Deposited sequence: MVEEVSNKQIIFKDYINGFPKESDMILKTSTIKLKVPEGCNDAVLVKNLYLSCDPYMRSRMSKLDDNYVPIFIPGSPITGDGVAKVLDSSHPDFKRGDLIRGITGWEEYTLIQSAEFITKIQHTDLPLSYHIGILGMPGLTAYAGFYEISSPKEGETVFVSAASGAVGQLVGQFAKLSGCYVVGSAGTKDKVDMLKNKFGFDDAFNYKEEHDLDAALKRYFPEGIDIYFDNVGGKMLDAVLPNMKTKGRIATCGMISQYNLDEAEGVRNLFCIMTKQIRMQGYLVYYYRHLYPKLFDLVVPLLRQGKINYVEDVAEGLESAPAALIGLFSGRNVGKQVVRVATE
């Protein structure tokens, strides 16, 4: 059996300030390319793609646990695409491509096996941690399952250039809705309208009065607000909601949180604001695939990712995501197939 080096991105220690590249350290360990004997229901994988997600910043502080905390001295963990090298688990074989929670390393011994799933098939492998993965399912559940979209309704999407937002907007146009998105750069604003079919889009940092901005695009209010940021943007959105409007709380800019002062609009506008966790909607994966996979090949839905090259660039890619410098879904390619 081969014994190879296993480069790893180790989590240094819990922090209190803004995360730095110094909080992760590249460590070259070793591993034998076989599931240990006596280790049953385990899967040894080689990691190909790693997901950089915004929820992972909270895992870097001793906050005790919406999302489980990073263990210092251990590798970073998160969603990814991997290839099964060996398995003591009946539902996985050599050469199977999987998606789920793996280690920020070249090779991982997944003992759980419950948080990984066989990849169904033609399209780029990295799509299964994006439009065909948890971000896609998140967009599907927040828009179709929770927001109850009707044709002709008005939709506003915050952080629209991200993986979730860019799919919500395309879902909105498919349902015949007028959709507007907000983003942080001119290139993202242009990308939202030139590639994702957004009816309009604006740069929320060049607009100092956000109420005037939303009135400009929604002269009669917003039916559906897909909330990726919360905070100040949600406060500006609340008085601009239509009666019986709906807010899908997918994520939150939130170390003191911005006070939200317009929640009386929940009553005066009769808003239904609903939060959700994508993990509670795994049963909708077939509906997502059955919808997006045909139109992905029919070229009516696009998807933009930001691929960092090599495991060594994963720290820089993560903090760049924390700093909003990513363009689309941030991804680290650890190895080719």
item: Deposited residues without C-alpha coordinates, grouped into stretches that follow sequence order; value: 1, 66, 124, 256, 259-261
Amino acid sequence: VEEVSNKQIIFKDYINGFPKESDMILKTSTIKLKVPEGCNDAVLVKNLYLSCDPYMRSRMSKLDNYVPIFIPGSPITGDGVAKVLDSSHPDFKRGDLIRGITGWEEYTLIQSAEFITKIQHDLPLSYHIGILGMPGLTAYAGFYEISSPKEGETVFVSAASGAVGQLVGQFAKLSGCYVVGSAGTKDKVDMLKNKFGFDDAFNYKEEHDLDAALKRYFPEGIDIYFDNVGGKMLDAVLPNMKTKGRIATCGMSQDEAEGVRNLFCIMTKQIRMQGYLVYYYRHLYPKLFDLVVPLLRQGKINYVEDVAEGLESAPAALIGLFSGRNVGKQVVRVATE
From here on, numbers count along this sequence of modelled residues.
{"query": "Average Cα temperature factor in the PDB entry - higher stretch of 303-311, 55-63", "finding": "55-63"}
{"query": "Stretch exceeding the other in mean C-alpha B-factor - 172-180, 68-76", "finding": "68-76"}
{"query": "Options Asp86, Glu106, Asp227, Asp223 - largest CA temperature factor per the record", "finding": "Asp86"}
{"query": "Top residue by Cα temperature factor, when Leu50, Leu296, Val45, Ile271 are compared in the entry", "finding": "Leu296"}
{"query": "Third assignment of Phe196 from its chain's C-alpha B-factors", "finding": "middle"}
{"query": "Chain-wide C-alpha B factor ranking for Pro239, given as lowest, middle or highest third", "finding": "lowest"}
{"query": "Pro286 - Cα temperature factor, lowest/middle/highest third of chain", "finding": "middle"}
{"query": "B-factor third for the C-alpha atom of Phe143 within its chain", "finding": "lowest"}
{"query": "Assigned third (lowest, middle, highest) for the C-alpha B factor of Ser161", "finding": "middle"}
